[PDB]
Amino acid sequence: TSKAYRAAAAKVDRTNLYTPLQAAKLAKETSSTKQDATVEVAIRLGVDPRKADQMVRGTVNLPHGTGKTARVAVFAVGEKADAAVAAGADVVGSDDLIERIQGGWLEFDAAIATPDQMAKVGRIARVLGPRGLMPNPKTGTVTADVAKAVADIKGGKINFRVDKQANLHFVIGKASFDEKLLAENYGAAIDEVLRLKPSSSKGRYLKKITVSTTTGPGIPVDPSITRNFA
RNA sequence: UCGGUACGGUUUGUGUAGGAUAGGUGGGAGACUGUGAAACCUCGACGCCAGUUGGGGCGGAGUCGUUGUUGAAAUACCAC
């Protein structure tokens, strides 16, 4: 509501549909005013989450990561210590990793355990739960295959979830990225949202969609172009 | 003049507190030029939820932005 608020993207038009080629350009020009932040994508789906079978929940593999450091703490014992450090996780724990979590050493981003440690994970997730650093088997951060479980956090697969009022929330990374590296992250989601379209979504599926990143209005994005994201 | 629809803008709700968990939901350490106890709308209905708020007819003139997560996102206020 300031002068610098309207100075950011003072040239974007409301009554003009923009391609993702043009939306990647204006996302750079929106970032020309303020500091670095996380690019946010808002999609208005044409679904109804009142029915249970029309609930939309999935994931997508981004080609260019997520713009996060993604430090991974691994409950690694036995052969798990050699297979977790070979993937990219800087923290290789042990059986005594319980004391290092409740003792004041929280310098990571996600905790990934092994089934030989799952009898002791229940004393951990009470302090990493609301912080967002707890192990979760429902989202793919608890498995015995630690060679690719670490690559799940390193790959940057964003877990989106449609709300009570049929709206999506997706991220493609930082605002200081290239226009081509953000076009492949953005083009991969819509390549996989339509694959997870429910079988009883009446009307037009992806009706309204916008991308804004740094302290301004939303770019009017065109739903009608789903072939030329790059 | 009285309505219906589409699009666009503001505002209203929240057992319980510091912006009545500043609605629901996701992002998120940077947004603001700010004396504000206060005079000029006494928040612009409402003044019951109890203090939401005078959002600038002040002053670009500097000391309420930052801060407590103790509540079923509180915050670093917005990318709905």
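Letters A, B, ... are given to chains in the order of the sequence lines, protein chains preceding strands, and every chain is numbered from 1. The figures here come from the full heavy-atom set of this structure, side chains too, leaving out hydrogens, waters and symmetry mates.
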Between [N] and [M], how far apart are the two [atom1] atoms, rounded to whole Å?
N: B:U1; M: B:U53; atom1: P; result: 36 Å
N: B:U35; M: B:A20; atom1: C1'; result: 28 Å
N: B:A76; M: B:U67; atom1: P; result: 7 Å
N: B:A79; M: B:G51; atom1: P; result: 29 Å
N: B:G3; M: B:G57; atom1: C1'; result: 36 Å
N: B:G60; M: B:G13; atom1: P; result: 32 Å
N: B:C78; M: B:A29; atom1: P; result: 14 Å
N: B:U66; M: B:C80; atom1: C1'; result: 26 Å

For this session: Ignoring backbone atoms, test whether A:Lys34 places a side-chain nitrogen or oxygen under 4.0 Å from the OP1 or OP2 oxygen of B:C32.
Result: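 Answer is yes, contact under 4.0 Å.
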Exercise. If only side-chain N and O atoms of A:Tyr5 are considered, is one of them under 4.0 Å from the OP1 or OP2 phosphate oxygen of B:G30?
Worked result: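 Looking at the OP1 and OP2 atoms of B:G30, neither is under 4.0 Å from any side-chain N or O of A:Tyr5.
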Exercise. Considering only heavy atoms from C-beta outward, does the side chain of A:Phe75 approach that of A:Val91 to under 4.5 Å?
Worked result: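 They are not in side-chain contact.
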Exercise. Taking C-beta and beyond as the side chain, do A:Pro49 and A:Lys164 meet within less than 4.5 Å on heavy atoms?
Worked result: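 In short, these two side chains do not touch, never coming nearer than 4.5 Å.
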[N] [atom2] sits how many Å from [X] [atom1], rounded?
X: A:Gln35; N: B:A76; atom1: CD; atom2: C1'; value: 14 Å
X: A:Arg44; N: B:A6; atom1: CZ; atom2: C1'; value: 12 Å
X: A:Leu168; N: B:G26; atom1: CG; atom2: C1'; value: 10 Å
X: A:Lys207; N: B:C7; atom1: NZ; atom2: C1'; value: 14 Å
X: A:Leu45; N: B:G26; atom1: CG; atom2: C1'; value: 14 Å
X: A:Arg6; N: B:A31; atom1: CZ; atom2: P; value: 17 Å
X: A:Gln165; N: B:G13; atom1: CD; atom2: P; value: 19 Å
X: A:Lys3; N: B:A31; atom1: NZ; atom2: P; value: 16 Å

Which is it for [N], anti or syn, if anything within 90° of zero counts as syn?
N: B:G71; result: syn
N: B:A20; result: syn
N: B:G18; result: syn
N: B:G4; result: anti
N: B:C64; result: syn

Stacked, yes or no: [N] with [M], six-ring centres under 5.5 Å, planes under 30°?
N: B:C58; M: B:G59; value: yes
N: B:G24; M: B:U25; value: yes
N: B:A39; M: B:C40; value: no
N: B:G27; M: B:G28; value: yes
N: B:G15; M: B:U16; value: yes

Look at all strands and tell whether [X] reaches a base, only sugar-phosphate, or nothing, counting heavy atoms closer than 4.0 Å.
X: A:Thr38; answer: sugar-phosphate
X: A:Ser2; answer: sugar-phosphate
X: A:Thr15; answer: nothing
X: A:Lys174; answer: nothing

Taking only the side-chain heavy atoms of [X] (C-beta and beyond), determine which of [options] contains the nearest atom.
X: A:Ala37; options: B:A79, B:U25, B:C32; result: B:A79
X: A:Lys164; options: B:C80, B:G26, B:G24; result: B:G24
X: A:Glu40; options: B:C80, B:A31, B:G27; result: B:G27
X: A:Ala4; options: B:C80, B:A79, B:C32; result: B:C32

Problem set entry | Neighbour count >12 (heavy atoms, 6.0 Å) for atom NZ, A:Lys3 |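 Check fails, neighbour count at 12 or below.
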Exercise. Can you tell me if A:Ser224 and A:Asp222 form a side-chain donor-acceptor pair at under 3.5 Å?
Worked result: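 Judged by distance alone, the side chains do pair up.
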Exercise. Just checking, is any N or O donor in the side chain of A:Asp53 or A:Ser200 under 3.5 Å from an acceptor N or O on the other one?
Worked result: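 Side chains of A:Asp53 and A:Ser200: no pair found under 3.5 Å.
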State the sugar conformation of [N] as north or south, using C1'-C2'-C3'-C4' as the deciding torsion.
N: B:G13; result: south
N: B:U42; result: south
N: B:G60; result: south
N: B:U67; result: north
N: B:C40; result: north

Quick one: does [X]'s side chain have a donor or acceptor within less than 3.5 Å of a partner on [Y]'s backbone?
X: A:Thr66; Y: A:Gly173; answer: no
X: A:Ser2; Y: A:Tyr5; answer: yes
X: A:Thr141; Y: A:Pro135; answer: no
X: A:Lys28; Y: A:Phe177; answer: yes
X: A:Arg57; Y: A:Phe160; answer: no

Exercise. How do A:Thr213 and A:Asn167 order along RNA chain B: which one's closest nucleotide is nearer the 5' end?
Worked result: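 Result of the comparison: A:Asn167.
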For this session: Let me know, please, whether A:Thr1 or A:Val162 comes out on the 5' side of the other along RNA chain B by nearest nucleotide.
Result: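 Its nearest nucleotide being more 5', the pick is A:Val162.
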Exercise. Out of A:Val41, A:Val171, A:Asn61, A:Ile172, which residue meets the side-chain contact (heavy atoms from CB on, under 4.5 Å) rule with A:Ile158?
Worked result: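 When side-chain contact (heavy atoms from CB on, under 4.5 Å) is applied between A:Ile158 and each of A:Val41, A:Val171, A:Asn61, A:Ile172, only A:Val171 qualifies.
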Exercise. Should stems be defined as at least three consecutive Watson-Crick or G-U pairs with both distances under 3.5 angstrom, which of them involve RNA chain B?
Worked result: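 When the pairs of RNA chain B are grouped into runs of at least three, no such run exists.
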